[PDB]
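# Survey of secondary and tertiary structure
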Amino acid sequence: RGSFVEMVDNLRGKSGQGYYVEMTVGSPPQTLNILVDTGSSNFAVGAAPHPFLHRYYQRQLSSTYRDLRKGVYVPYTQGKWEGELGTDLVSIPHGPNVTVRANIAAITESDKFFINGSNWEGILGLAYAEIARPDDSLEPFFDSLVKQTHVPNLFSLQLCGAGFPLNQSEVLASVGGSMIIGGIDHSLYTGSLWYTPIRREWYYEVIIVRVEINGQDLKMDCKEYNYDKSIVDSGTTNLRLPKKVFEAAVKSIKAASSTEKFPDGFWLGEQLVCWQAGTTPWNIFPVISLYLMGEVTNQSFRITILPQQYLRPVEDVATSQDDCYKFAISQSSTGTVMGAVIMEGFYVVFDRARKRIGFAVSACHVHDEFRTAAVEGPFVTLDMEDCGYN
Ligand SMILES: NC1=N[C@]23CC[C@H](NC(=O)c4cccc(Cl)c4)C[C@]2(COC3)CS1
């Protein structure tokens, strides 16, 4: 049974632009669409006009606005946002029937943060205080929610990729998945949930202990897979891999798919590839299995993803009925990132109460008649703590 009907189907969006949930801030409530981001820890919202914002938080119109008189500045490689800290009353309409007082970073300045046509106006950083800006004293939203209400200390995400391009109108009309706040809805997955420990509460950090490409062991020292960390991050599009792991994986994926040659720009994640309508040769691309540390000593399990996850549907550069995709695995210098395209294969349970992440096959994962995504175990795996980087 699915016991959280109120929250089922409360997300919209897609891997390329982000998945978002409706929220309200202030009194009277101001509605905003908010990116669900398990890879950061600030609740931050557009609070001033911007060419790509249809709306923003107007603090002067909220009677419950409190000014913390403190700035916050978040630079990343792509750009930056700067804002002003305060608190206000916050609700999630398609969420628990509660209102909480939470920290809000009112974004007043930004560079390449807001995206034309994303339909979101802010970000909900769902990770832990250690990585909150400006410092760990700024309580994240979910911590406030748990402290102030009886909502259990757990949330779960089903991100639903369509398997094909969605135009502006279609993405607004389409269900993009579910964020279940405070529980696990059994309608959103098939088979069993398998849990991996949260290694440390900052990012949602996990430990990968083995990688296979079509059953073939990538055969790297498992420390390489988690160098310098491995995280689950709904606010990143791609599966990102440490440089050396990326190089090994791409070599192996190229070898498995070698009946067709793709240009270097494709493997660099820059250039799309297209096939005649309906003829995408899924079967020539390999499955990718990531083995994760289990909860039991010396036990692991695996999650298996299809090319229908790691090839991201995109519309053609020019007018055609071709089916086109970008390669959604890319290189990282900050560790492995299990981004939205991986998360689309699975129902992911962020069990903060029990310091563990659950994976099950998603009821909305894209597949074909011959292969499905999988979550399978157990496997006997020795010395898994050695796979963690220090
Ligand atoms: N986890 C992350 N959080 C941040 C906030 C979210 C931001 N992501 C996006 O704009 C975005 C765009 C398209 C698709 C998707 Cl899925 C996400 C990237 C960063 C920037 O700052 C924190 C870094 S990485």
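Here the residue numbering is sequential from 1 along each chain as its sequence is written and may not follow the entry numbering; residues with no coordinates are omitted from view. As a rule here, side-chain values come from all non-hydrogen atoms in the structure, and water together with hydrogens is ignored.

### Things to note about the UniProt feature "domain: Peptidase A1" in the protein chain
Heads up, the rule is: UniProt positions are given in the numbering used here, feature names are shortened, and annotations may be inferred rather than shown by experiment. A run of H or I in DSSP becomes a helix once it reaches four residues, and a run of E becomes a strand once it reaches two; helices and strands are each numbered from the N terminus.
In the UniProt entry, the feature "domain: Peptidase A1" is given for residues 19-360. As annotated, residues 19-360 has a helix share of 12% and a strand share of 40%, and its two end C-alpha atoms lie 19 Å apart.

### Observations regarding the state of the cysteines
Inclusion rule: Our working definition of a disulfide is a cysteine sulfur pair at a distance within 2.5 Å. To sort residues, take the accessible area from a 1.4 Å probe on protein chains only and compare it with the maximum for the residue type: under 20% means buried, over 50% means exposed, and anything in between is partly exposed.
As enumerated under the stated definition, the model contains 3 disulfides in all. Two residues share a disulfide in this structure: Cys160 and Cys364, whose sulfurs sit 2.1 Å from each other. Torsion about the S-S bond of the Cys160 and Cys364 cystine: about -90°, corresponding to left-handed handedness. In this pair, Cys160 sits in the loop between strand 9 (155-159) and helix 2 (168-173) while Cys364 sits in the loop between strand 25 (356-362) and strand 26 (374-380), placing the two residues 204 residues apart along the sequence. We note that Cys160, like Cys364, is buried. Ordering the disulfide-forming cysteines of the protein chain by sequence position, one finds them joined as 1-5, 2-6, 3-4.

### Re the side chain of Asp37
Basically, it comes down to this: Pairs of N or O atoms are called polar contacts if they sit within 3.5 Å, as long as, within protein, a hydrogen donor faces a hydrogen acceptor (for residues adjacent in sequence, only side-chain-to-side-chain pairs).
Structurally, the position occupied by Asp37 is in strand 3 (residues 30-37). Within the structure, the side chain of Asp37 is placed 3.5 Å from the backbone nitrogen of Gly235, a separation counted as a polar contact.

### Side note on the site of the ligand
Note the cut-off: Whether a residue is near a molecule or strand depends on its heavy atoms: it is near if one of them lies within 4 Å of it. Grid spacing is 1 Å over the protein atoms alone, the probe is 1.4 Å, and a cavity is where that probe fits but cannot get out, while a pocket is an open set with protein on both sides within 12 Å along at least five of seven lines and lining residues have an atom within 4 Å of a point. What decides whether a molecule sits in a cavity or pocket is whether more than half of its atoms lie within 2 Å of the grid points. Each residue receives one of three labels: charged for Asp, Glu, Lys and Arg, nonpolar for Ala, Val, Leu, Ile, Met, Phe, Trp, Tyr, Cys and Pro, and polar for the others, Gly being one of them.
In the vicinity of the ligand lie 16 residues, with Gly16, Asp37, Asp233, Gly235 and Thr237 positioned nearest. One of the side-chain nitrogen or oxygen atoms of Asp233 is found 2.8 Å away from a nitrogen atom of the ligand. Given that more than half its atoms are within 2 Å of the pocket grid, the ligand belongs to the largest pocket. Of the residues that constitute the shell around the ligand, the class distribution is 5 nonpolar, 9 polar and 2 charged.

### So, the sheet that holds strand 23 (residues 336-338)
Sheet strands associate in pairs through backbone hydrogen bonding, adopting either a parallel or an antiparallel arrangement. Just so we agree on the cut-off: Strands were regarded as paired on the criterion that DSSP finds at least two bridges between them. Contact between two residues is taken to exist if any of their heavy atoms lie within 4.5 Å; hydrogens are not considered. To define axes, lines are fitted to C-alpha atoms, for helices over the stretch in contact only, and angles between the resulting N-to-C directions are given on a 0 to 180 degree scale.
Across the sheet, 5 strands lie side by side as 12-15-23-16-22; this open sheet has mixed pairing. Of all the strands in the sheet, just strand 12 (205-206) and strand 22 (329-332) have a single pairing partner and so form its edges. One ladder, built from 2 bridges, connects strand 12 with strand 15 (residues 230-232); its direction is antiparallel. Across the sheet, the residue bridging to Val206 is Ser230, located in strand 15. Against the sheet, helix 3 (residues 243-256) touches strand 16 (239-242) and strand 22, its axis set at about 115° to strand 16.

### Remarks on the pairing of strand 19 (residues 299-305)
With 5 of 7 residues buried, strand 19 is to be regarded as a mostly interior element. As judged from the 6 bridges shared by strand 18 (residues 288-293) and strand 19, these two strands associate in the antiparallel manner. Residue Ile288 lies in a different strand from strand 19, and its bridge partner there is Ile305. Between strand 18 and strand 19, which pair antiparallel and follow one another directly, the connecting turn spans 5 residues, one of which, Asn298, has a positive phi of 60°. Relative to strand 26, strand 19 runs antiparallel, the two being bridged by 5 bridges. Each bridged residue has a counterpart across the sheet, and for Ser300 the counterpart in strand 26 is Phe379.

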